[PDB]
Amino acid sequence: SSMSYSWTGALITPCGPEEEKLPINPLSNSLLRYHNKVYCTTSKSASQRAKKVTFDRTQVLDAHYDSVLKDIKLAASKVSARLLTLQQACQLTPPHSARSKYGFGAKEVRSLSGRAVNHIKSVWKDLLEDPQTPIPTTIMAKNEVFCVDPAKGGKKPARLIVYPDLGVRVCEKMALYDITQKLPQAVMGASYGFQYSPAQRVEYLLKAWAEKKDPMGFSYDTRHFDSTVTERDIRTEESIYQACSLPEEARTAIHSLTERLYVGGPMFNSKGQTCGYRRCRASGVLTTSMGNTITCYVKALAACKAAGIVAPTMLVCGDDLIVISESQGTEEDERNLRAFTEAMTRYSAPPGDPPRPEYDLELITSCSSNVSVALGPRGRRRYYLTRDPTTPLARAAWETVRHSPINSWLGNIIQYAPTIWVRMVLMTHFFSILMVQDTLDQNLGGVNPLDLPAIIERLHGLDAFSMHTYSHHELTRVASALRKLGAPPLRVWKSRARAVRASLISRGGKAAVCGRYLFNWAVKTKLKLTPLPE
C-alpha cells in the first residue's frame, strides 16, 4: 500500500557549510597515515540515501502480533502520566537546538523569553483546536564521520533527519516527555535496554546466558528502520500512549501530534522549497527513540512467538535487539531464525543482514558493540564491552578548522578503558599529545585528564588497569583496524607507551599516578596497584 516517501525533486540542501580535512592534520598524523580513508557524510549524498529508503511497505499482521499488542496495552494501563508545564518543557530544550523559523532560538526558549513563550502558547493552542492540518518539517542530512569501506559500498550516504520547528518540539515535550520516562520501562520491564549501564548490560547478558540449559543467541536490526514504520504503526504507537492514565488535554495533544506530525507530512529543505512528503517515522521527533523501541519490541516478541523461540530473554534498544533463548538443536535453530525473519519482514521490519544463531557470546554484535573476555590481575575471566575500533579511530583523525577530535579520544578512552585498543593506542596517543602541548592540567568536555584513573576505577573497576590475554577475535580485529587506517601496529604502541609512561612518572603529582596505572601494561616490572581514594 503505502510508499515511505514521495519527492518533488528539489535538492536536500546543507544547513550551513560542510568542512573538509586539511593537507596537514597535526593532531592525528602520528596516530594514523591513511587520512584519505576518513570522510564525513555530506548532504550531496542525501539523494542516494533517499533512493534507498523510498519503497513500498506491505505490512501483514497476525494473532501473535495482536496478542503481544494486547498484553502491552494491559501494561500501559499501570502508567499514570502528566502534562509538563510549558516552562518545564522549555528548559528540557538543549542549548544548541536549531532556532525557530519564527525569530528566536534555544537561548530564549531556555531562559523563558516572552516572545518565545507566547509563540509556544499559540502553537499549543493550535494543536488543541486543529487536530488535522499536517505540520511542516525540515529535512536534512546528518554529517557523520567514518572510514571508507570499499567492500560495503565505499562511502555511506548520509542519514536523513526530519524535524518540526522548535515551537513544535517544545509542545511535543509538554504532551509526551513524562510518558517517555515511564512507558517503555513499564511496557518492557527488564527488556528495556536504555535503562542499563554498560556494566549492567554485560551482566544481564551473562545472566541470561547462564540461565539457559543450552543457550542460543542472536541479534537483529532493521534496514532503514525509520522507513519501515507504517502509518498504522504510528497510530498503534498513539494507541499505546493513550492506554495510560492521562489528562484529557494530553490526549488531544498526543492525538493531534500523531495525526498532524508523527504519521506523516510535508518536508522542506533548508532553502525553503517543498522537498517531498513523508508517511513513515520522522527521526527528529520526541517519540523517535521510544517509538522505535516499543514498536521494535512488539514486532520482535510477536516474531519470536511466530518462530518458536523458546524461553526468549530479550534486550531492545531502538531497532537493535538481542535474544538469548534455549536452543532446540541447530537444525531447528536455523529454521526458527528464518521464520523469525520472515515474520519480521511481514510485520515490516526487514533485516539489514539476515540473522544467524550463535552459541558463543562474543559473536553477537548489537548497537555496534559486543561482549568479550580477558583475564584479570588474579587470573579470573573478566567480561567487558568492546567494538570494532575502525570508526573511533577514523573519528580520532577528524581535524578541521572548526573541529578538534581530542574530545572523541577522551570519550572513547573512558567508555572503553578496558579494551586493548583504548589502552595501547588511544591512551598512548592522548597522553603523548597533551604532555608535548603541556596541557595535562587542562579541562576537556568538563573532565580533567589527570582524574582519568579515578574516573576509570569508578566506572570499570580497578581490573581495567591489569587486564591481559585478550581474545583472538579482539586482537585480530584491532590489528586489522590499525593496518586498515595506516596506524602503527601494536608493538610500536608498546614503545610509545613506555616513553609516555616514564615521562609521566618523572612529573610526579597525579600525572605520575596516570603513568603508573594507565600504563602498567607497558612494563615488565608490573607494579601492585591499590584502590584510589578519589
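Residues carry their position along the shown sequence, with the first being 1.
Look at the mean CA B-factor for 3 to 11 and for 525 to 533 in the entry; the higher one is 525 to 533.
The stretch 500 to 508 shows the higher mean C-alpha B-factor when 500 to 508 is compared against 38 to 46 in the entry. Taking the PDB entry at face value, the top CA B factor among 389, 131, 164, 217 belongs to 131. Take 262, 104, 177, 398 and read off each C-alpha B-factor from the entry; 104 has the highest.
Annotation for residue 94: C-alpha temperature factor in the middle third relative to the rest of the modelled chain, per the entry. For residue 198, the recorded CA B-factor ranks within the highest third of the chain. Only modelled residues enter the ranking. For residue 369, the recorded CA temperature factor ranks within the lowest third of the chain's modelled residues. For residue 68, the recorded CA temperature factor ranks within the highest third of the chain's modelled residues.
In this PDB entry, residue 431 carries a Cα temperature factor that places it within the middle third of its chain's modelled residues.
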